[PDB]
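Below is one structure, written out as structure tokens; the observations come after it.
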Amino acid sequence: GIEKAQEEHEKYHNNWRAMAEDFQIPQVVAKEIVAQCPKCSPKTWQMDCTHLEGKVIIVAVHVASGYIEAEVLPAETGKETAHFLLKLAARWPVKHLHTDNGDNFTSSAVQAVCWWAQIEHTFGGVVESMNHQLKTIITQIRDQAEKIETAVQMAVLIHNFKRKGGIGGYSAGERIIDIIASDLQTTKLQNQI
Amino acid sequence: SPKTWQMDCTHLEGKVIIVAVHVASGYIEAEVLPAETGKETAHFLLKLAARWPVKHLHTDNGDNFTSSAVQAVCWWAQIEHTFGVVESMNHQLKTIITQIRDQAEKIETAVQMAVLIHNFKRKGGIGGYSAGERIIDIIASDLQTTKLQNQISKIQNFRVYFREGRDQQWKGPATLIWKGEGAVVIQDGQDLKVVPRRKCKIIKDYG
Amino acid sequence: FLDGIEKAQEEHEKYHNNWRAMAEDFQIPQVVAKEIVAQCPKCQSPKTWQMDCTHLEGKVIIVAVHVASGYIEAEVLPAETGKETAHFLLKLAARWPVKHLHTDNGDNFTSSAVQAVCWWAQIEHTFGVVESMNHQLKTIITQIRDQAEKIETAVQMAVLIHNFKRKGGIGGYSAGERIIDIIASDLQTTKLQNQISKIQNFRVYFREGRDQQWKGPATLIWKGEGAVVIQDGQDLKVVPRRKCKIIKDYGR
Amino acid sequence: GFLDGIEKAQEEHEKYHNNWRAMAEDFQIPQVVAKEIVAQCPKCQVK
Ligand SMILES: [Zn+2]
Ligand SMILES: [Zn+2]
Ligand SMILES: [Zn+2]
């Protein structure tokens with residue numbers, strides 16, 4: 001397996017995760033194979049903010065499955081963004097966070113929550129497609145709820161558990177549950193063996 | 001049951017805390033309400049049903065838990081409501097809150113940090129798992145069972161054109177059963193047979 | 001069956017599903033679920049390509065990208081005239097189904113040879129992703145440059161590595177699996193639409209229970225072995241075959 | 001062929017409003033295209 005991974009990386013320059021999946025190697029060996037070349041993630045969440053009907057909506061997406069999580073904010077300050085990030089870290093296992101060059105994403109409370117929860121913060125085309133789909137669903141079932149917050153939560157429920165799209169024909173919640181369960185079993189077997 | 005949740009409300013330092021608990025794993029979601037009306041209870045139940053698959057809700061005979069807003073949200077989300085663990089989880093959450101109280105200014109940060117500590121930093125039980133690993137394992141097992149029973153018919157909905165020995169015409173659309181590496185099992189006229197991989201064409205045939 | 005149609009109509013009234021999910025869940029045929037979607041008032045591209053040119057080491061590269069999947073086809077041109085761009089467009093239109101082409105307002109893209117190729121191959125040309133794809137292709141070309149002697153071999157090896165060796169996105173697929181899945185879904189939709197019109201060229205007179213009169217002409221939707229699904233008065237109903245008479249309808 | 005027959009049958013039904021069996025026997029076109037010529041007229045009904 002190690003010889004096949006070295007030959008495949010010498011030809012095509014693959015990364016370490018795809019080699020460790022396709023050749024069934026422990027990940028540190030593929031990490032050292034990638035690190036020895038001179039020519040050269042189930043816990044990553046991308047966050048963004050948008051405007052709708054005079055409100056501020058903050059949307060976080062789990063990238064490997066398309067799992068959405070939205071909230072209605074009363075302001076665009078840093079304390080409410082830190083509170084939403086703390087709730088997201090307390091609900092799901094979060095390790096890597098991606099944002100854009102914004103205002104509330106560079107703040108003392110946001111850095112304090114990221115330090116306390118040990119999240120790797122990085123700054124910088126999936127989140128725009130998720131926001132576009134969320135806008136279409138919100139305008140589709142707007143006339144069933146009076147408030148805007150209730151319509152946002154119903155659109156999150158419809159997007160997570162009622163839209164069986166893609167190649168495999170799987171919803172988003174089943175995909176994130178299967179991904180984290182398979183990753184936990186893989187880390188357990190690699191820690192035992 | 002892998003999809004049963006229980007809800008309760010409590011008081012802490014003059015506030016109102018609402019606690020929902022997944023029973024089979026001891027998984028905790030909690031929030032701080034500014035009141036005890038039916039609208040905030042219906043909004044918390046809607047957020048809980050939008051995040052996780054809730055099918056069976058168990059509550060007591062309270063004041064806000066018997067109302068038109070909670071009834072309408074349960075109708076729209078198709079949740080079965082029953083009236084009669086959570087007190088033990090409430091005492092546990094109060095003890096964790098009093099343990100890390102001197103690290104937070106407001107009570108809301110203390111509630112969310114206690115939820116994170118209880119969900120991912122308290123390993124016990126038999127195998128040595130926390131609550132999040134247990135709820136993910138239970139839901140993954142149940143979903144694997146039901147989707148296996150559907151995916152068998154999904155893989156039997158294909159069509160195979162095969163070739164027999166010493167005849168130069170492609171035979172009719174038999175039904176695929178299993179596709180190996182060097183062999184293909186098909187059912188043709190209620191007869192099971194095994195053909196090599198180089199004598200078959202597997203399509204879906206829209207038409 | 002009728003319980004499945006009623007549950008599917010209530011589920012679409014609440015959540016506005018698609019027809020593939022309803023056909024898989026409630027075990028109804030695809031034409032009935034497509035009619036349920038087609039009756040909703042609140043519910044009413046796989047063949048678009050973009051082209052561009054660039055320079056690399058004194059050579060003129062031309063890149064064509066399928067937009068909805070990110071699928072790259074590249075070539076090295078000897079010059080930058082209109083006849084070579086028309087030849088590259090004719091090869092691209094001969095290998096993949098191209099129906100809508102998007103370019104910039106260059107010289108060679110505004111030419112009589114390219115206009116004649118678009119006329120013969122029936123392509124809609126529109127003048128204004130590709131710059132990001134040119135950037136990524138040039139990074140791969142500078143990454144594997146030492147394994148080739150000429151520049152055309154390096155361009156084609158970078159195209160192969162981008163198409164089949166780089167994985168990402170939602171499901172973790174490459175570009176080739178994405179373009180094949182997208183075109184196959186569009187093919188399934190067109191075949192189902194042909195069957196829908198061919199079935200809906202009929203008409204049904206049905207007789208209710210405890211009556212001897214024939215009712216109004218309802219439109220046929222699905223003709224089963226023992227059941228018949230008809231639409232009448234914005235309502236779907238299932239009548240058995242021994243109480244129905246199917247006639248042709250010339251009502252264009 | 002009978003493609004010019006289809007053109008002349010459309011002109012003849014545009015003037016005189018024939019039926020389909022008469023046009024099928026006169027212009028030697030098949031019965032399906034003759035019934036379609038009658039069907040696409042708003043005033044006539046095939047019977
Ligand atoms: Zn390398
Ligand atoms: Zn609809
Ligand atoms: Zn006429």
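Every residue, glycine as well, gets a Cβ built from its backbone with ideal geometry; the counts of neighbours run over all protein chains shown. All of this is worked out from the model, or read from it or from the source named; no laboratory read-out is quoted.
Going residue by residue through the range C:195-205, is there one that turns out to be under 29 Å from residue C:241 (Cα atoms) and within 8 Å of another protein chain (Cβ to nearest Cβ)? I'd like the intermediate steps shown before the answer.
Taking the range C:195-205 first, the residues under 29 Å from residue C:241 (Cα atoms) are C:195-205.
Filter once more, so that each one left must be within 8 Å of another protein chain (Cβ to nearest Cβ): C:195.
Checked against the condition, which is being under 29 Å from residue C:241 (Cα atoms) and within 8 Å of another protein chain (Cβ to nearest Cβ), the range C:195-205 yields at least one hit.
Tell me, please, whether a residue that is over 21 Å from residue A:42 (Cα atoms), facing chain B (nearest Cβ under 10 Å), in contact with a helix residue (DSSP H, G or I) (Cβ under 7 Å, 6 or more places away or on another chain) and part of a helix (DSSP H, G or I) can be found in the range A:157-167.
yes
For residue B:117, work out the one condition from (1) in the same structural domain as residue B:22 (by CATH); (2) within 30 Å of residue A:151 (Cβ to Cβ) it doesn't fulfil.
(2)
How many residues does the range C:1-35 hold that are at the interface with chain A (Cβ under 9 Å from one of its Cβ atoms) and either within 16 Å of ligand 3 (Cβ to nearest atom) or not hydroxyl-bearing (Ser, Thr, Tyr) (or both)?
9
I'd like to know if the range C:173-193 contains one or more residues that are out of contact with any strand residue (DSSP E or B) (no Cβ under 8 Å at 6 or more places or on another chain) and part of a loop (DSSP other than H, G, I, E, B).
Scanning the range C:173-193 turns up at least one residue that is out of contact with any strand residue (DSSP E or B) (no Cβ under 8 Å at 6 or more places or on another chain) and part of a loop (DSSP other than H, G, I, E, B).
Please state which one of B:96, B:135, B:139 is buried (at least 18 other Cβ atoms within 10 Å of the Cβ), in contact with a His (Cβ under 8 Å, 6 or more places away or on another chain) and at the interface with chain A (Cβ under 10 Å from one of its Cβ atoms).
Matching residue, one of B:96, B:135, B:139: B:135.
Being out of contact with any strand residue (DSSP E or B) (no Cβ under 9 Å at 6 or more places or on another chain) and within 21 Å of residue B:45 (Cβ to Cβ) narrows it down to one residue among A:153, A:140, A:118, A:144; which is it? Break it down stepwise before answering.
Working: A:153 fails: out of contact with any strand residue (DSSP E or B) (no Cβ under 9 Å at 6 or more places or on another chain); A:140 fails: within 21 Å of residue B:45 (Cβ to Cβ); A:118 fails: within 21 Å of residue B:45 (Cβ to Cβ).
Being out of contact with any strand residue (DSSP E or B) (no Cβ under 9 Å at 6 or more places or on another chain) and within 21 Å of residue B:45 (Cβ to Cβ) holds for just one of A:153, A:140, A:118, A:144, which is A:144.
Scan the range A:42-63 and tell me whether some residue there is away from ligand 3 (no atom under 16 Å from the Cβ), among the basic types (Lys, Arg), more than 17 Å from the chain's Cα centre (by Cα) and more than 11 Å from chain C (Cβ to nearest Cβ).
yes
Can you tell me which condition residue C:139 does not meet? The list is (1) in a helix (DSSP H, G or I); (2) over 30 Å from residue A:65 (Cβ atoms), and all the others hold.
All conditions pass for residue C:139, except number (2).
Of the residues that make up the range C:194-211, is at least one β-branched (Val, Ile, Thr) and outside any strand (DSSP E or B)?
yes
Looking at the range A:64-73 only, could you name the residues that are within 13 Å of another protein chain (Cβ to nearest Cβ) and closer than 19 Å to residue A:151 by Cβ?
Across the range A:64-73, the qualifying residues are A:68, A:69, A:70, A:71, A:72.
List the strands (runs of 3 or more DSSP E) that sit entirely inside the range A:1-115 and contain at least 2 residues that are more than 16 Å from ligand 2 (Cβ to nearest atom) and among the charged types (D, E, K, R).
In the range A:1-115, the matching strands (runs of 3 or more DSSP E) lie at A:67-73.
Pick from B:67, B:88, B:25: which is among the polar types (S, T, N, Q), under 18 Å from the mean Cα position of the chain (by Cα) and either surrounded by 14 or more Cβ atoms within 10 Å (Cβ to Cβ) or at negative phi (or both)?
Step by step, each of B:67, B:88, B:25 is checked, and only B:25 is among the polar types (S, T, N, Q), under 18 Å from the mean Cα position of the chain (by Cα) and either surrounded by 14 or more Cβ atoms within 10 Å (Cβ to Cβ) or at negative phi (or both).
Determine the pairs where a residue that is of a type in the set (D, E, K, R), located within the range C:86-101, has a partner that is crowded, with 17+ Cβ neighbours inside 10 Å with Cβ atoms under 6 Å apart, the partner being 6 or more residues away or on another chain.
C:99/C:47
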